[PDB]
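Student: Protein sequences appear in the order of chains A and B.
Numbering of the first sequence is given in the UniProt record's numbering, commencing with residue 3796 and proceeding in unit increments.
Numbering of the second sequence is given in the UniProt record's numbering, commencing with residue 3172 and proceeding in unit increments.
Beta carbons are placed, not taken as given, at the ideal position from N, Cα and C, and that holds for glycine.
One structure, as C-alpha cells, below. Some questions next.
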Amino acid sequence: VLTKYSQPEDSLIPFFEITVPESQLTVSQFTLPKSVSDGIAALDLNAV
Amino acid sequence: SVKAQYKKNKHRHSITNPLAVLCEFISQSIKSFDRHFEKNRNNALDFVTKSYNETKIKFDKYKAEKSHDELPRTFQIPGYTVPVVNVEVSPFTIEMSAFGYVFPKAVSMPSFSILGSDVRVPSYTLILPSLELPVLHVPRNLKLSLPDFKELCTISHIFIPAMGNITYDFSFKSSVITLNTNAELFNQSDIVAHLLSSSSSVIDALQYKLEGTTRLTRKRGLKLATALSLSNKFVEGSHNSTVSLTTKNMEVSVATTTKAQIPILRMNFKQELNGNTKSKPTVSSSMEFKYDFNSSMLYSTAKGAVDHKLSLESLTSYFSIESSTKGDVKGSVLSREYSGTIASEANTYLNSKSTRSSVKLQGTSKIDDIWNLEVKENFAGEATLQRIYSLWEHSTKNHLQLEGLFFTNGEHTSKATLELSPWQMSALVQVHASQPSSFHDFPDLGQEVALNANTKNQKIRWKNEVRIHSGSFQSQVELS
C-alpha cells in the first residue's frame, strides 16, 4: 500500500493519493458431498 | 367375471440399519470438545496462577485460615438396581471443598450398567483446584472426555415386505363390447407391476389395446424403468420414464412421444429430459411441439411449432444457463394471412468475479400483412468486480396500417448505455426515435444526453430537437 503526492489533471487541488494496488486472493479448493470435516467433526455423507 | 384373490404372505424382510455412521461422528465431536476443553483450561489457568499469587500473601503468610474448621464435603449416593429395565445404578460420589465456599473438589465416576443402549451414562473424571490448601493449579493437561454414545449402532430394521402377488382380472362378455383387463403386481422383494387392458367392440373407437410395465429394483438401490404404450385409433401414446440409481450416480431420462390424429387439428409433441449427474449434474431440456390446424367451415387455417431448448451447467468452476425459444406459426383467416413468429435467446452467466445476462427478443408478427415489424426489445448487462456496465432497451419499430391512407408509426427508443469505473462516471443517453406520418406530419423527435464526471472536470451536454407539421424546435444546453 503506497501513497503518492500528485496534482491531478481533472482537479486543480494538489493531493496525496493513498493507493492500494490490486490483490488476487487464492481460495483453497474443498471437497463436497464426499466427506466433510470443519475441524470439529467429520461426517461421511456417502456413508449416510 | 371379477377376481380379486390374494395369496396372503404376512412376512417381511428386515434390513438392519447401520447407525454406526453416527456413532463415529459423535466421537469426532467429542474429540473437538476435548481439545476445546484443553484450550479453555489454558485460558482459565492464565488467571488461576495469578489468583494463587494474589491469595498466597493473605492466606498462607497471614493468619486468615484454619479457624472454626469444617470437615470436607463428601456426598455418597447408594447404588440401586432396576430389574424391570435391568439397570444397575453404581454408587455415585460427589465431593466439594469445605474450605472457602463450595469450591469444586476432584471426582471420578464410571458409568451405570443398562439393558439396551438408547443412552450411555456419562463417565467423567474432573480435577480442579482444591481450596483446602492455598495452592491453586488447573490441570490443563488432563482434558475431560465423556464416553461417546453407541445407540445400538446396528439394531434397527428397514422393512422390505414379503407380500405375495396381487392378482386382479376383470372380464366381461357381450355381443357388441368385450372388455378384459388384467393387472398383476409382484412384491417378493422388488416391485414389478404389469397391466394389460383389452377392449374389443363392434365400434372402431371402442376397440383398442393398452399395455403398461413398471419395474423397480431395490436390492442395490432404487432403479426404476417405466414404459407405457397405447394402441388407440385417434391417440398414439408412447411414454418412457427410467430413473436409475447405480449406487453411486444418478440418471434420469424422460422420452415421451405422442401425437393426436384429429382430422381438422392434427398435433404432434415430443418430450426429452435427461438429467444426469456423474460428478457435476448435467441436464438436457428440449421441448418440441407441432400443430396442424385448418377450419374449412371458418376458412381459417394455421400451422406452426413452438419449440424450446434449455442448457443448464452447474459446474463448480462456474455456472452457465442458456435458454432460447421459438414461437412459430403461420396461418390465413378469411383469405387474409395471419403471421406470427416469436424468437428469444436468454443467456445468463455467473462467476465469483463477473456475472452477465443478455436476453434478445424478436416479437416479429403481423395480422393480415398489417402492423408488422415488432423488433428488438433486447437488453444487455455486465457486472465485474472492476467495473459496471449497462445497456437496457435499445429497440426499433415500424408498423404500417393498410387501410385508409396508410398511416405509419413505429416510435421507439434509441440505444443508451451506462459505464462505471473508478474515478470515472460516464452516462450517455440517446432516445426518442419516432416515425412521422400523415395527418399534419406526425412528430419527429430525438434527444441526446451526455454526462461525464471526473470530480472537478464536469462536462454536461444536452440537446433536444422537435419537428412537427410545418414547425420545428431545437434546444441546446451546455455546461462545461
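1. At 7 Å on the CB atoms, spell out the chain B contacts of A/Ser3806, in chain order.
2. Answer with buried or exposed for B/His3611, where buried requires no fewer than 16 other C-beta atoms within 10 angstroms of its C-beta.
3. With contact counted as at least three CB pairs below 8 Å, one residue from each stretch, are the segment 3439 to 3450 of chain B and the segment 3416 to 3426 of chain B in contact?
4. For the beta strand (DSSP E) holding B/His3479, just list the boundary residues, first then last.
5. For B/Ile3228, does the three-state DSSP call read helix, strand or coil?
6. How would you write the range of the beta strand (DSSP E) that B/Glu3422 sits in, first residue to last?
7. Name the residues in the segment 3196 to 3210 of chain B whose C-beta lies less than 7 Å from a C-beta of chain A; which are they?
8. Flag A/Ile3813 as yes if its beta-carbon sits less than 8 Å from any beta-carbon of chain B, otherwise no.
9. Under 6 Å Cβ to Cβ from B/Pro3310, same chain only, skipping five residues before and after it: list those, please.
10. Could you give the first and the last residue of the continuous beta strand (DSSP E) run that contains B/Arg3391?
11. Would you say B/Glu3582 and B/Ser3561 are within 8 Å of each other, going by their C-beta atoms?
12. For a contact meaning CB atoms closer than 9 Å, what does B/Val3192 contact in chain A?
13. Is the beta carbon of B/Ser3515 closer than 8 Å to that of B/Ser3536?
14. In three-state DSSP terms, what is B/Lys3404?
15. Enumerated in chain order, which unbroken segments of the beta strand (DSSP E) with a length of 3 residues or greater are wholly contained in the segment 3352 to 3379 of chain B?
16. For the beta strand (DSSP E) that contains B/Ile3513, what are its first and last residues?
17. Rounded to the nearest angstrom, what separates B/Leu3242 and B/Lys3276 at their Cα positions?
18. For the beta strand (DSSP E) containing B/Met3334, list its first residue and its last residue.
19. Which residues does DSSP list as the beta-bridge partners of B/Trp3563?
20. Among B/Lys3634, B/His3640 and B/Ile3639, which one has its Cα closest to the Cα of B/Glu3649?
21. I need the DSSP call for residue 3653 of chain B, collapsed to helix, strand or coil.
22. Hey, quick one: how far does the beta strand (DSSP E) through B/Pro3452 stretch, first residue to last?
23. If you measure between the beta carbons of B/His3328 and B/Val3219, is that distance less than 8 Å?
24. Can you give me the start and stop residues for the beta strand (DSSP E) that B/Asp3499 sits inside?
25. With C-beta atoms as the reference, is B/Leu3395 less than 8 Å away from B/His3410?
26. Do you know how far the Cα of B/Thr3338 is from the Cα of B/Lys3178?
27. Let me check one thing: in DSSP terms, what residues is B/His3640 bridge-paired to?
28. For B/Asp3361, I'd like the list of residues in its chain whose CB is within less than 7 Å of its CB, leaving aside the five on either flank, ordered along the chain.
29. Short of 7 Å in beta carbon distance, which residues of its chain neighbour B/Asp3375, apart from the five on each side in sequence? Order them along the chain.
30. Quick check: what's the CA-CA separation for B/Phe3357 versus B/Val3173?
31. Give me the Cβ distance between B/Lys3586 and B/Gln3572, rounded to the nearest whole Å; I'm assuming they're in contact under 8 Å.
32. Please confirm if the segment 3425 to 3445 of chain B is in contact with the segment 3462 to 3472 of chain B, defined as three or more CB-CB distances below 8 Å between the two stretches.
Tutor: The relevant details are as follows:
1. Scanning chain B for C-beta atoms nearer than 7 Å to the C-beta of A/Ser3806 yields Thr3626 and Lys3627, reported in chain order.
2. exposed
3. Taking 8 Å as the limit for Cβ pairs, the verdict is that the segment 3416 to 3426 of chain B does touch the segment 3439 to 3450 of chain B.
4. In the DSSP assignment, B/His3479 falls within the beta strand (DSSP E) that extends over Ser3471 to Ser3485.
5. helix
6. Start and end: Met3421 to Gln3432.
7. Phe3196, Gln3199, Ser3200 and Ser3203
8. no
9. Take B/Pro3310, set aside five residues on each side of it, and the residues of its chain with a beta-carbon closer than 6 Å to its own are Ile3298, in chain order.
10. That residue, B/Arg3391, is in no beta strand (DSSP E); it is neither H nor E in DSSP.
11. In this structure, B/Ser3561 does not lie closer than 8 Å to B/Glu3582 by Cβ.
12. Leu3838, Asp3839, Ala3842 and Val3843
13. Against a cut-off of 8 Å, the Cβ pair of B/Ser3515 and B/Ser3536 comes out as no contact.
14. coil
15. 3362 to 3372
16. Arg3507 to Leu3521
17. 13 Å
18. Where B/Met3334 is concerned, there is no enclosing beta strand (DSSP E), given that its DSSP letter is neither H nor E.
19. B/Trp3563 pairs with nothing; no bridge assigned.
20. B/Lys3634
21. In the structure displayed, chain B extends from 3172 to 3651; residue 3653 of chain B sits before or after that span and is not available.
22. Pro3452 to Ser3466
23. no
24. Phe3490 to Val3504
25. no
26. 9 Å
27. Beta bridge pairing from DSSP links B/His3640 with no other residue.
28. Contacts found: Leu3387, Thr3388, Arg3389 and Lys3390.
29. Setting aside the 5 residues that flank it on each side, B/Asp3375 is surrounded in the same chain by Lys3404, each with a C-beta closer than 7 Å to its C-beta; the list follows chain order.
30. Using only the alpha carbons, I get a separation of about 19 Å.
31. Contact doesn't hold; Cβ gap of about 27 Å is too wide.
32. With the cut-off at 8 Å, the segment 3425 to 3445 of chain B and the segment 3462 to 3472 of chain B touch.
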